[PDB]
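Comments concern the structure below.
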Amino acid sequence: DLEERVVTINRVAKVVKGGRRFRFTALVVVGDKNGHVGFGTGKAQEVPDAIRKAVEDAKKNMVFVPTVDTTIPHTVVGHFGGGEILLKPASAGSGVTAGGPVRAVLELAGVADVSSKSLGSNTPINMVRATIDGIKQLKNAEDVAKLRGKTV
RNA sequence: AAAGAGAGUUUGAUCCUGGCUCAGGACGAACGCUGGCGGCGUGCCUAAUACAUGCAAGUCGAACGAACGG
Ligand SMILES: [Mg+2]
Ligand SMILES: [Mg+2]
Ligand SMILES: [Mg+2]
Ligand SMILES: [Mg+2]
Ligand SMILES: [Mg+2]
Ligand SMILES: [Mg+2]
Ligand SMILES: [Mg+2]
């Protein structure tokens, strides 16, 4: 069905009259290997509770990934916020080369061979969001009709 | 056909800009602890500072003027 890949655990704090209070936040990316992937985010007082909340949150925001010939159809770069990820196709059997969160999302999507690079900041949530944006900017060869056959 | 990996550190916690440090490759290398063999290579980067000593450029009698042999 769906797997789970925990990307980050952070101990976050807020200060009140009686000192300060801490609570953990989790970023979790889930998906199946057939081409559906999505990320979530939780915030709870104990780590497993945050993991469960993030898992339940991610299973509402999925997206399809076009994977001609088990790789990305073309090159495209995502620019959400302070994040910057570009994705390029790769030769067969080359594996996945990416940072932490980018690797997580690209493998959980099921894409086998792809090479990327992070050209902006290194905030994990912004890296995930930029990768998802870059994925959304993709387009397949067959669905581009625009009154045309293949002629490619 | 070829095609790019990041991480730690400013804050009570954030997101940005920003430097510093680490993870790879290579030596005509040197130092430290160890050290079996074979093949193929390499070895004064500094004082173009000073040289003890051996060798590193000679050869033609079929171009021409002496002695040993007889
Ligand atoms: Mg930095
Ligand atoms: Mg400051
Ligand atoms: Mg080095
Ligand atoms: Mg020995
Ligand atoms: Mg010995
Ligand atoms: Mg010299
Ligand atoms: Mg003669």
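In full-length UniProt numbering, the protein residues as written are 11 to 162.
Heads up, the beta-carbon is just placed ideally off N, CA and C, and yes, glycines get one too.
Buried versus exposed call for residue i [16 or more other C-beta atoms within 10 Å across all chains shown]
i         : result
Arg158    : exposed
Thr85     : exposed
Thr141    : buried
residue 9 : Not covered by the structure: residue 9. The range shown for the chain is 11 to 162.
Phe49     : buried
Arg139    : buried
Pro111    : buried
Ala155    : exposed
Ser104    : exposed
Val78     : exposed
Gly52     : buried
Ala151    : exposed
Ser128    : buried
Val162    : exposed
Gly144    : buried
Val39     : buried
Beta-bridge pairing of residue i - partner residues as DSSP gives them
i      : result
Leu37  : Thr18
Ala151 : None, per the DSSP bridge assignment.
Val65  : DSSP output for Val65 lists no bridge partner at all.
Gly45  : In the DSSP output, where bridge partners are listed per residue, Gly45 has none listed.
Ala23  : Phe32
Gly52  : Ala36
Three or more C-beta pairs closer than 8 Å, one from the stretch 26-44 and one from the stretch 95-103: is that the case here? no
Is the stretch 117-132 in contact with the stretch 52-71, if contact means three or more CB pairs nearer than 8 Å? no
Whole beta strand (DSSP E) elements within the stretch 70-147, 3-residue minimum: 86-88, 95-98, 124-128
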